[PDB]
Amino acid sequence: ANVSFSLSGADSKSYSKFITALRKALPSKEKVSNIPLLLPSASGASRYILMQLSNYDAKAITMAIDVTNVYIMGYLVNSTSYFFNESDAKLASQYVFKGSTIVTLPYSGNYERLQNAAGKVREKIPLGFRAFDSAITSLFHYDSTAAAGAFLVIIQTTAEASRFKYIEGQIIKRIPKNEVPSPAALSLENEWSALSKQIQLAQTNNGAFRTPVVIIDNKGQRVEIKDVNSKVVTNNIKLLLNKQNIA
């Protein structure tokens, strides 16, 4: 695997080192406003990196991540791989976990689909170390009725934390006790592509966003980000979705 993390003996520093390693494992040819810009495209196997995760009992699964968007495609346990039911995952299955028995999951990997499958919205799914441990166990034995919920936990704990310092911070605060994420965290998840797009457009607009991005803050209030001097841009977002993959 290109990156790996083990919950056994982990603390806030080992988690942060892992997230930092995930961010550096993603290819990038340039930075925009000091933030690494993801590749507009990649071909073959080079389009994916592998992330190995082990729970407290040392049971491990390996997940494949699409480097152009940090989306999880599927995962491998024993000699069976499971991929989301969507075209990008179907393509990924042609290049990773070669030789494994490929199982197609009954849902795609976007949040709306996963929430419906799990029967619960992100606002009510606890995150933290024990939740992470529990999610890995569910996928390790492929408990089909818990998989969607397990993906919701893992995606936010890895992919979303790699995209935003604030979300990385949310997991750290939840190490001693699981707790649902804040509305602010979910707001950043939903606006990642919009923020990525505006930061790139701002480059030929003297730092100002063409269209303000609206999120909600830690106090539950509506806040507008309209320029690259915002704290969200200088000290929060850590990866940018390439504009060619937005609109």
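One rule holds for the numbers: they count along the sequence shown, beginning at 1.
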Which is higher in the entry, the mean Cα B factor of 109-117 or that of 94-102? 94-102
Please compare 125-133 with 83-91 and name the stretch with the higher mean C-alpha B-factor in the deposited structure. 83-91
Just to confirm, going by the entry's C-alpha B-factors, which of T204, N69, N55, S187 comes out highest? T204
Entry record, C-alpha B-factors for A60, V180, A45, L50; the maximum is at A45
Among the modelled residues of this chain, does the Cα B factor of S14 put it in the lowest, middle or highest third? middle
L240: which third of its chain by C-alpha temperature factor? lowest
Once the chain's modelled residues are ordered by C-alpha B factor and cut into thirds, is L37 in the lowest, middle or highest one? middle
Ranked by Cα temperature factor within the chain, is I199 in the lowest third, the middle third or the highest third? middle
